[PDB]
Amino acid sequence: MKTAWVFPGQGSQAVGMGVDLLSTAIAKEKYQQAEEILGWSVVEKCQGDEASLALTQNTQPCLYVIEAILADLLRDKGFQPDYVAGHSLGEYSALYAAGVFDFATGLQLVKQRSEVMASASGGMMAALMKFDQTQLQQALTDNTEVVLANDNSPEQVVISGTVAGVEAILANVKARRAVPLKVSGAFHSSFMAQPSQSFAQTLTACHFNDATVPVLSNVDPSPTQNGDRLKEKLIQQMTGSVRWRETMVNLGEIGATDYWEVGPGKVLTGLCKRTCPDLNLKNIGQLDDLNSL
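Residue numbering for the sequence shown follows the working numbering, starting at 528 and increasing by one per position.
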């Protein structure tokens, strides 16, 4: 048996997430750490307005803090990961889970990362479920204003770019539904370049430990544990595509028999269903999940 822990990103947040975790000493502590580092309470913010929670400058550090808490809760129960990965923001949680940086260093990175992306608005992203893979390529080949930002499952991708451009492909690629994401930036595309290049200055000055388990990174989901290759892949992540489909395939084939989504929602196990359906799925995002072992 080999188990992957995978960490969900933006879009998996829901109101009330993490709040039941608060009766554990581990959660209480890290929440207080997050509060001193961030200047606001993650618990309080997770119980706020829905739209407000979805603002990426709230969502990202909220998801990271909760996911790091879940990882440590899992550890305390004795469970340990064989492989880690995370979807966009999730990668940070995965990196913390793998010893690459400590809790606090990670939260500071996430905080800055999410500020950059929140201020780096202008453009737009949309998701496509059940599309003509052929018609997608024609609409994307030679397209300077629209790129592929997530490759999530054979049935699903996310495109990214100018408002005009993304609306176009929407109307002239067979598929529905085709749903604008609740984000207002051209994330995971070259539009993030100038934003991604100041944050990269910050990232390179940060020492990365080697990982205690294999990390499969978004831009290159081949397993590795080298601290410097992982930083390199992470630095590349903000302008680059999330190869999550390939992440799951790599998992299933390098040995992993089980696949645990460590965080709120069912998005990453949902994806795994229609990609590697012979893998065993758990969703660990609530105390109730933890208690069932």
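Using N, Cα and C, we set each Cβ at its ideal position, and we do this for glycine too.
Here's the rule: buried if 16 or more other CB atoms are within 10 angstroms of the residue's CB, otherwise exposed. What is residue i?
i: residue 567; result: exposed
i: residue 528; result: exposed
i: residue 789; result: buried
i: residue 538; result: buried
i: residue 549; result: exposed
i: residue 577; result: exposed
i: residue 587; result: buried
i: residue 681; result: exposed
i: residue 802; result: buried
i: residue 791; result: buried
i: residue 607; result: exposed
i: residue 728; result: exposed
i: residue 820; result: exposed
i: residue 753; result: exposed
i: residue 579; result: exposed
i: residue 744; result: buried
Where do the N-terminal and C-terminal ends of the alpha helix (DSSP H) with residue i fall, by residue?
i: residue 600; result: 583-603
i: residue 722; result: 720-731
i: residue 817; result: 814-818
i: residue 692; result: 690-698
i: residue 573; result: 569-573
How long is the line joining the alpha carbons of residue i and residue j, rounded to whole angstroms?
i: residue 762; j: residue 618; result: 11 Å
i: residue 646; j: residue 740; result: 34 Å
i: residue 699; j: residue 666; result: 8 Å
i: residue 784; j: residue 610; result: 11 Å
i: residue 793; j: residue 564; result: 29 Å
i: residue 813; j: residue 637; result: 22 Å
i: residue 685; j: residue 679; result: 8 Å
i: residue 690; j: residue 584; result: 21 Å
i: residue 639; j: residue 676; result: 21 Å
i: residue 778; j: residue 533; result: 11 Å
i: residue 818; j: residue 711; result: 38 Å
i: residue 747; j: residue 721; result: 22 Å
i: residue 781; j: residue 773; result: 12 Å
i: residue 816; j: residue 725; result: 39 Å
i: residue 594; j: residue 623; result: 10 Å
i: residue 560; j: residue 604; result: 22 Å
i: residue 558; j: residue 600; result: 13 Å
i: residue 649; j: residue 547; result: 36 Å
i: residue 723; j: residue 765; result: 6 Å
i: residue 545; j: residue 669; result: 43 Å
i: residue 658; j: residue 552; result: 46 Å
i: residue 718; j: residue 808; result: 35 Å
i: residue 805; j: residue 799; result: 9 Å
i: residue 731; j: residue 662; result: 39 Å
i: residue 716; j: residue 695; result: 17 Å
i: residue 612; j: residue 591; result: 13 Å
i: residue 530; j: residue 786; result: 6 Å
i: residue 736; j: residue 756; result: 11 Å
i: residue 811; j: residue 597; result: 8 Å
i: residue 582; j: residue 575; result: 12 Å
i: residue 733; j: residue 570; result: 28 Å
Going by DSSP, name the residue or residues bridged to residue i.
i: residue 791; result: Partner(s): none; residue 791 has no beta bridge.
i: residue 882; result: Lying before the first or after the last residue shown, residue 882 is absent from the chain, which here runs from 528 to 820.
i: residue 747; result: 744
i: residue 607; result: In the DSSP output, where bridge partners are listed per residue, residue 607 has none listed.
i: residue 542; result: Paired residues: none, contrary to the question.
i: residue 707; result: 653
i: residue 537; result: DSSP, once it has assigned bridges, lists no residue as partnering residue 537.
i: residue 702; result: 658
i: residue 683; result: 656, 680
Hey, quick one: how far does the beta strand (DSSP E) through residue i stretch, first residue to last?
i: residue 552; result: First-last for residue 552: 552-565, but that is the alpha helix (DSSP H), not the beta strand (DSSP E).
i: residue 810; result: 807-811
For the ligand MN, any of its heavy atoms closer than 6 Å to the Cβ of residue i?
i: residue 767; result: For the structure depicted, the ligand MN is absent and the ligand set is empty, with no information on it obtainable.
(message) My parser needs the beta strand (DSSP E) runs of 3 or more residues fully inside the region 611-680; what are they?
(response) 651-656, 673-680
(message) Runs of 3 residues minimum, wholly inside the region 752-798: which ones carry the beta strand (DSSP E) assignment?
(response) 785-789
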